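**Student:** Just so you know, UniProt numbering puts 169 at position 89 of the sequence shown, and the rest follows in order with no gaps.
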Amino acid sequence: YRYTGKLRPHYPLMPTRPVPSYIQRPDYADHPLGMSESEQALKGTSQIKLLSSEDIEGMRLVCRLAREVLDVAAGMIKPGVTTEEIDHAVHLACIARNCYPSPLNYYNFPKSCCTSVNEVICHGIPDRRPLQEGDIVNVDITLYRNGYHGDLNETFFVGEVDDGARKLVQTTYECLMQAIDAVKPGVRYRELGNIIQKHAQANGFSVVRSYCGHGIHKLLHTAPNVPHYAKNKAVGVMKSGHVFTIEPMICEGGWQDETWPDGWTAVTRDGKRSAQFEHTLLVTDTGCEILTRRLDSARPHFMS
Ligand code: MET
Ligand SMILES: [Co+2]
Ligand SMILES: [Co+2]
Ligand SMILES: [Co+2]
Ligand SMILES: [Co+2]
Ligand code: NA
Numbered sequence: 081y082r083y084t085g086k087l088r089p090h091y092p093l094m095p096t097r098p099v100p101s102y103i104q105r106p107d108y109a110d111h112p113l114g115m116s117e118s119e120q121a122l123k124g125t126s127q128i129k130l131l132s133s134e135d136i137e138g139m140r141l142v143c144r145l146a147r148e149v150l151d152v153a154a155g156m157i158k159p160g161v162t163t164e165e166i167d168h169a170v171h172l173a174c175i176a177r178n179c180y181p182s183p184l185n186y187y188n189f190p191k192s193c194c195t196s197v198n199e200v201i202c203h204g205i206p207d208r209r210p211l212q213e214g215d216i217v218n219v220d221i222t223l224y225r226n227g228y229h230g231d232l233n234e235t236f237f238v239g240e241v242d243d244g245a246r247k248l249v250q251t252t253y254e255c256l257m258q259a260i261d262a263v264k265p266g267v268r269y270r271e272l273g274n275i276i277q278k279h280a281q282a283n284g285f286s287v288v289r290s291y292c293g294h295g296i297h298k299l300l301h302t303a304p305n306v307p308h309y310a311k312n313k314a315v316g317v318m319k320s321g322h323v324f325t326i327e328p329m330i331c332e333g334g335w336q337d338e339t340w341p342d343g344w345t346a347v348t349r350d351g352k353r354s355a356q357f358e359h360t361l362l363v364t365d366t367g368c369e370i371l372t373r374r375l376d377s378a379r380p381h382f383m384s
């Protein structure tokens with residue numbers, strides 16, 4: 081395999097960590113290929129669930145717990161910590177809150193969260209690589225609780241970073257916040273990609289095309305599909321009671337991606353850096369509620 085940049089996988093992986101059976105599991109957890117039957121059933125529907133008051137409550141609870149678990153991981157971002165050690169603590173922190181870590185065995189994904197360094201766009205597999213000064217690292221957390229998934233991510237700084245890093249990370253966050261700012265009943269899902277691409281292009285950056293935000297609730301990924309680039313052809317219109325993610329991946333170079341032989345790790349075909357942020361959103365009459373927001377702090381971690 082021709083690697084697109086410096087970064088390499090670092091094996092062996094620690095034996096897959098188990099989840100005590102007192103935690104409720106999503107379907108895919110015991111499917112031998114990790115397929116979700118309930119997700120396959122709704123495949124090829126463009127039709128968007130309206131959350132009940134009880135759905136909202138489940139989404140609120142799971143998303144707040146997912147925040148807590150991401151806040152845990154954010155505390156560990158220093159040089160010499162391995163993505164594995166992060167995922168270990170994430171895995172434990174999910175157990176303590178009676179949540180199943182949603183990535184675990186999702187289509188055979190073998191770990192409990194996604195850790196993406198530098199040129200990795202998304203879906204990095206926690207491994208033995210110690211984080212190095214100047215790295216950017218995204219941790220993507222998803223928890224499953226009492227039927228509901230909650231999904232968020234932030235990129236972080238590893239020690240001191242270069243001016244390029246700061247600007248990519250900053251800009252990626254602004255792209256997310258600007259798209260969230262436009263969420264309200266009436267808007268076309270396809271519009272967020274216009275706003276995201278417009279601000280990224282303005283700062284000299286590209287928008288990854290092969291990965292999209294998604295609806296999320298009883299299923300981990302479902303409708304809508306929500307592309308992050310301009311003049312996309314997404315279908316649907318926002319309504320109060322829709323829940324979905326915005327999760328833009330932005331790049332220092334071009335937008336093209338390819339997947340490592342592990343079948344998961346997406347990287348920039350050009351080897352340049354990509355940053356991502358993600359929130360799960362609920363549409364309300366006024367605008368939208370950020371379910372995965374911090375409650376204790378004005379800003380994402382990187383801002384401090
Ligand atoms: C291998 S699981 C990846 C899920 C990720 N949290 C997402 O936003 O889709
Ligand atoms: Co994903
Ligand atoms: Co090494
Ligand atoms: Co997501
Ligand atoms: Co995510
Ligand atoms: Na990255």
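Ideal placement from N, C-alpha and C gives every residue a C-beta, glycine not left out.
Contact check, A314 vs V306 under 8 Å by CB: the rounded distance?
**Tutor:** Right, the Cβ-Cβ distance comes to about 6 Å (below 8 Å), so this counts as a contact.
**Student:** Using the beta-carbon count (16 or more within 10 Å), is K311 buried or exposed?
**Tutor:** Its Cβ having fewer than 16 others within 10 Å, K311 is exposed.
**Student:** Given the structure, does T325 come close to ligand 4, in the sense that its CB is under 6 Å from one of the ligand's heavy atoms?
**Tutor:** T325: yes, Cβ under 6 Å from ligand 4.
**Student:** In angstroms, rounded to a whole number, what distance separates the CA positions of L93 and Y187?
**Tutor:** Each residue's Cα considered, the two are about 17 Å apart.
**Student:** Can you tell me whether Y224 is helix, strand or coil according to DSSP?
**Tutor:** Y224: strand per DSSP, three-state reduction.
**Student:** I need the boundaries of the alpha helix (DSSP H) containing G138, first residue and last residue.
**Tutor:** Taken as a continuous stretch (DSSP letters only), the alpha helix (DSSP H) holding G138 covers 133 to 155.
**Student:** DSSP three-state label for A346, please.
**Tutor:** Three-state result, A346: strand.
**Student:** Compute the Euclidean distance between the alpha carbons of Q212 and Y108, then round it to the nearest angstrom.
**Tutor:** Answer to the nearest angstrom: the Cα atoms are 34 Å apart.
**Student:** Could you have a look at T252 and say whether DSSP puts it in helix, strand or coil?
**Tutor:** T252 falls in the helix class under three-state DSSP.
**Student:** Does the distance from the C-beta atom of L145 to that of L232 stay below 7 Å?
**Tutor:** Result no, Cβ atoms of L145 and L232 do not sit closer than 7 Å.
**Student:** Closest to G124 by C-alpha separation, out of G351, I370, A303, would be which residue?
**Tutor:** Taking only the C-alpha atoms, the option nearest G124 is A303.
**Student:** Would you tell me roughly how many angstroms separate the C-alpha atoms of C202 and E164, rounded to the nearest one?
**Tutor:** Approximately 16 Å, taken between the alpha carbons.
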